[PDB]
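Here's the structure we're looking at; comments come further down.
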Number of protein chains: 2
Amino acid sequence: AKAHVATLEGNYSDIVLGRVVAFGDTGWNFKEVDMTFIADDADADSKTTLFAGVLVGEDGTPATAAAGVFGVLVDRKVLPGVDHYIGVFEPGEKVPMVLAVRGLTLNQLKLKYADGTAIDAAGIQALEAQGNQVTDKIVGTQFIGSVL
Amino acid sequence: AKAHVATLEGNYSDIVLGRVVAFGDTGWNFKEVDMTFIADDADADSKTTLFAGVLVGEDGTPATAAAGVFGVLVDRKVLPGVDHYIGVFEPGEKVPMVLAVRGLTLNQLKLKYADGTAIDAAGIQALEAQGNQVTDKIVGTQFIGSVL
């Protein structure tokens, strides 16, 4: 019968590795857009297909091409482990979401197109123009079986 | 504007109202059958359509008419209120279940065909051959509202 198991292996700090803190307004780095949280046709109890770290344009549509990259979805409603919002939204509803745009250090690996596929060089160049530092310098971690 | 909600407004000891307990063996009334828990072609996390009170034949399949009735299903795993069999099975995977056939006092308002149709006259008559009482003498509860 297998087993009922759940796993959580990620945090918010692993996507936005750091900011530039403004003195005039702490919201200088974020923009708010309206997004289709639950697909139009999916049943009310279907979980949302959005996952933290996806690249979304300024019009709320996840990017399937490098050109339509405007920001990284970092809303607190789609972070790893937050599964409560099931059936809480009418299918086809559009709900505001928070995008991070300017003045950030962004992890290369967690950025992903609408369909999970990693981002190319064109995407990196397009996103950097907003003033973000996409980096590959992550130490990582090793577990259990890896001798040290 | 519709919030996450759940309900539990039914339980065991209503589909079956009382037994005749054999002194020699407490398990004379019941019987095991083998049925597919998760639909033969649905998703692993998708919930089963089985609910307590659904009539099944002697081969372990839900009934469709009066002739395909052998007993009721009162298994522990399907009692109204319990739902944590999330992907612990596979599509079409057989699982043992428990029926209720002999020496029982049953409730008409709860018995249902496979699709939920209220039990008909022929189904009642057939299920009485096993020696079970079928009654409508039920004092329904009047909830807050009208005056008592």
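Mind checking which residues of the stretch A:48-89 are touching a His at 6+ places or on another chain (Cβ under 9 Å) and aromatic (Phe, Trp, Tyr)?
A:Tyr85
Is it the case, given these coordinates, that B:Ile15 is within 14 Å of another protein chain (Cβ to nearest Cβ) and surrounded by 12 or more Cβ atoms within 10 Å (Cβ to Cβ)? Break it down into steps so the answer makes sense when it comes.
Working: within 14 Å of another protein chain (Cβ to nearest Cβ): no; surrounded by 12 or more Cβ atoms within 10 Å (Cβ to Cβ): yes.
Considered against the rule, which asks whether it is within 14 Å of another protein chain (Cβ to nearest Cβ) and surrounded by 12 or more Cβ atoms within 10 Å (Cβ to Cβ), B:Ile15 comes out as no.
Of all residues in the stretch A:18-36, how many are of a type in the set (A, V, I, L, M) and either surrounded by 15 or more Cβ atoms within 10 Å (Cβ to Cβ) or within 14 Å of another protein chain (Cβ to nearest Cβ) (or both)?
The number of residues fulfilling the criteria is 2.
Kindly list, by first and then second residue, each pair from a residue in the stretch B:28-39 that is closer than 16 Å to B:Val72 by Cβ to a residue that is assigned to a loop (DSSP other than H, G, I, E, B) and among the hydroxyl-bearing types (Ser, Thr, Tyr), limited to pairs with Cβ atoms under 8 Å and residues at least 6 apart or on different chains.
That search, which allows pairs on different chains as well, returns B:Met35/B:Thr61.
Just wondering, is there one or more residues in the stretch A:27-44 that are touching a strand residue (DSSP E or B) at 6+ places or on another chain (Cβ under 6 Å) and in a loop (DSSP other than H, G, I, E, B)?
Yes, because at least one residue in the stretch A:27-44 is touching a strand residue (DSSP E or B) at 6+ places or on another chain (Cβ under 6 Å) and in a loop (DSSP other than H, G, I, E, B).
Could you check the stretch A:102-136 and list, in sequence order, the residues that are crowded, with 17+ Cβ neighbours inside 10 Å, part of a strand (DSSP E or B) and in contact (Cβ under 8 Å) with a residue 40 or more places away in the chain?
Answer for the stretch A:102-136, where residues must be crowded, with 17+ Cβ neighbours inside 10 Å, part of a strand (DSSP E or B) and in contact (Cβ under 8 Å) with a residue 40 or more places away in the chain: A:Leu104, A:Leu106, A:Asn107, A:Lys112.
Considering only residues that are away from chain B (no Cβ under 14 Å), assigned to a strand (DSSP E or B) and buried (at least 17 other Cβ atoms within 10 Å of the Cβ), which ones fall in the stretch A:72-97?
Hits for the stretch A:72-97 are A:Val72, A:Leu73, A:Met97.
Would you confirm, using the coordinates I've provided, whether A:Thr64 is assigned to a loop (DSSP other than H, G, I, E, B) and either buried (at least 18 other Cβ atoms within 10 Å of the Cβ) or more than 14 Å from chain B (Cβ to nearest Cβ) (or both)?
When the stated conditions are applied, A:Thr64 passes them.
Read-outs throughout are calculated quantities, based only on the coordinates presented, and are distinct from any laboratory measurement. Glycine gets a Cβ as well: all are built from the backbone with ideal geometry, and neighbour counts include every protein chain shown.
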